[PDB]
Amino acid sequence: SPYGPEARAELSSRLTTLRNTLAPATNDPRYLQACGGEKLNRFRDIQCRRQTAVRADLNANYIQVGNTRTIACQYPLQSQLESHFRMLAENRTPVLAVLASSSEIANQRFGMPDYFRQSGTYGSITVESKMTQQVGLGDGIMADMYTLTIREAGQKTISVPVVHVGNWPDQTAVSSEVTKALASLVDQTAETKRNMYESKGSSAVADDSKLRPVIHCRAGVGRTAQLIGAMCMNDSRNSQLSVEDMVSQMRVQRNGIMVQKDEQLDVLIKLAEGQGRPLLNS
């Protein structure tokens, strides 16, 4: 069977070998390295692919699965906020999807700054956070939305649509119904903002490294990967892209953990089967 346990076991096998191969070795050439001793990676073993790094001081990667282009990153460290906001601004971010829970953010032991729900000043950058709408995704999962306006002297003021699922616990997978609802909402939000820039004749439209949806959570390899996978599967241009392709591409473009838990992979499998999308590559 195409979606039978034998097929699932084979997929899991192939991806496991890939994760182990991609594991970062000390001073790994494939991964972005910290500078002068200042922490770059929130987690020592969840690193950032150098070839696709967005900024030299952020754990963040440009990711292209099939035709879907995005940016995946870890929750910025307090010391990276300024550079983080810079990335968001320069990217003309059409949507910022944060899947880190409100509990994680609230726990000061985690060092996850409340940067998109609060207004403040960071270096020479000043940010305002306007709470907008709230959208249920099912099973009680809630999406809180905000408008993040980024201001800096001499720079074009940029406002960013934020989609925050604050009750999706770490290392777990919300149902495929919830995932599809979320991916639809994120893409929809992104399409509205991107359209705005295109109507204004923004030069960012001609730059493939810009206008990308930015997705992340705490480490940016689980809930983040699950959403990205769902998003690429919603792209009407990714016909024939298999789950194997999908997960391997995210892994080679960020790190080998992308799609952290089996439960998260299962959701991607389920969505694939729903569309008749192949799991393995022949």
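Numbers for residues come from their place in the sequence shown, where the first is 1.
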*Per the entry, higher mean C-alpha B factor between 114-122 and 92-100*: 114-122
*With respect to the recorded C-alpha B factors, which stretch has the higher mean value, 79-87 or 202-210?*
202-210
*Out of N67, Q51, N59, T70, which residue has the highest Cα temperature factor in the PDB record?*
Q51
*Would you mind finding, among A153, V163, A190, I105, the residue with the largest C-alpha temperature factor in the entry?*
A153
*Looking at the entry's B-factor column for C-alpha atoms only, identify whether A9 ranks in the lowest, middle or highest third of its chain.*
middle
_Position of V186 among the chain's modelled residues by C-alpha B-factor, lowest, middle or highest third_ = lowest
*Against its chain's modelled residues, does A25's Cα B factor rank lowest, middle or highest third?*
highest
*Would the CA B-factor of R44 place it in the lowest, middle or highest third of its chain?*
highest
*What third of the chain, by the recorded C-alpha B-factor, contains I257?*
lowest
